[PDB]
Each structure stands twice: as C-alpha cells, then as structure tokens.
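To start, the structure under review is shown below, and the notes come after it.
Note that we place each Cβ from the backbone using ideal geometry, even for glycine, and neighbour counts take in every protein chain shown. Every number here is computed from the coordinates shown, using simple stated rules; none is lab data.
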Amino acid sequence: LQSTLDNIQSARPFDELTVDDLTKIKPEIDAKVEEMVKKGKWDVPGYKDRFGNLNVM
Amino acid sequence: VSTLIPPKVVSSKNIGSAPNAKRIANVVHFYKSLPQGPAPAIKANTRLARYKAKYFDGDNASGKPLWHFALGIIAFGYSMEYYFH
C-alpha cells in the first residue's frame, strides 16, 4: 500500500491521459465498449450521473 | 479454559473490508501508470499534423481553422465558376 501510494504520487497522467493508455492498463475499456455496441445501448449508464450531459430537448 | 483462536485468524479481513477491492484495482492501475502520458497528439509533421498543431490544439478553440477551412471551399467553387463560365 505504501508502494502503491508512492506510485499514485509519482506516476499519474491526468492532464493528458490517453484512452489508449487506459486500454493498455485495462482491456476492460475495450471489453465494455464492445459489449455496449453488442448490447445496442449507446448510453452508458452512470456517465451522466457524475459527469454532465447537455441536450436541446 | 484456554482462550480461543479468533484474533489470530486473519484472511477474511483480506476481503472483509471494501478497500481491499479498491486496493487490488489501484495496485494494478497505479503501478502501470506512466509519469506523464504516452503523447497527446498535436503534431507529427505529416504537414497537416502541423495544421492540427497550429489550430486544433487542446486549448485552441480559436476560430481560425474554421475561417481557413471555409475560405478553402470559397476558393474551390469560385474557380469552378470559371470552369463553367
């Protein structure tokens, strides 16, 4: 946990983070994106519950 | 009678609390973090990556590529007027 705490402090791209880096750190990214396309739901739930969203309607 | 052995059996406090779940996430995530990102994409000198570098930066909301790109279409069809006239 000490080492992990040090890892969060000394390494963290977060001003220029790439989704490619997250796809690399977890294949969960691509798995979920593919599962959503396969599911046929293009609204990922929870996204707008802790990020915004806007609409005209 | 002798004290029972509960205090010394810890292996269900290793899933027993919720931050164990978070721990096994961020021991992977933060460990596999880079110091700074791989690259942001801004230029690459394909000579239109330069177009992106001057205009389509992360912080450039400046209307200049739009103006330029608009003016390009104006240059296109205006010549085609003289191709048909």
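Annotations
- Neighbours by Cβ (under 9 Å, 6+ apart or cross-chain): first from the stretch A:1-18, of a type in the set (G, A, S); second part of a loop (DSSP other than H, G, I, E, B) and surrounded by 12 or more Cβ atoms within 10 Å (Cβ to Cβ): A:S3/B:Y31; A:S10/B:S33; A:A11/B:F30; A:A11/B:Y31; A:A11/B:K32; A:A11/B:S33; A:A11/B:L34; A:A11/B:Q36
- Of the residues contained in the stretch B:39-46, one or more are found to be over 20 Å from the mean Cα position of the chain (by Cα), loosely packed, with under 11 Cβ neighbours inside 10 Å and either under 21 Å from A:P13 (Cα atoms) or not small (G, A, S) (or both).
- Filter pass, A:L1 being more than 11 Å from B:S33 (Cα to Cα) and either within 12 Å of chain B (Cβ to nearest Cβ) or surrounded by 10 or more Cβ atoms within 10 Å (Cβ to Cβ) (or both): yes
- Restricting attention to the stretch A:1-41 and to residues that are among the hydroxyl-bearing types (S, T, Y) and closer than 13 Å to B:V28 by Cβ, the residue that is farthest from the chain's Cα centre (by Cα) turns out to be A:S3.
- Test: residue in the stretch B:8-20 that is closer than 30 Å to A:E28 by Cβ, in a helix (DSSP H, G or I) and within 13 Å of chain A (Cβ to nearest Cβ): yes
- Of the residues making up the stretch B:47-77, just one is within 14 Å of another protein chain (Cβ to nearest Cβ) and surrounded by fewer than 10 Cβ atoms within 10 Å (Cβ to Cβ), namely B:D59.
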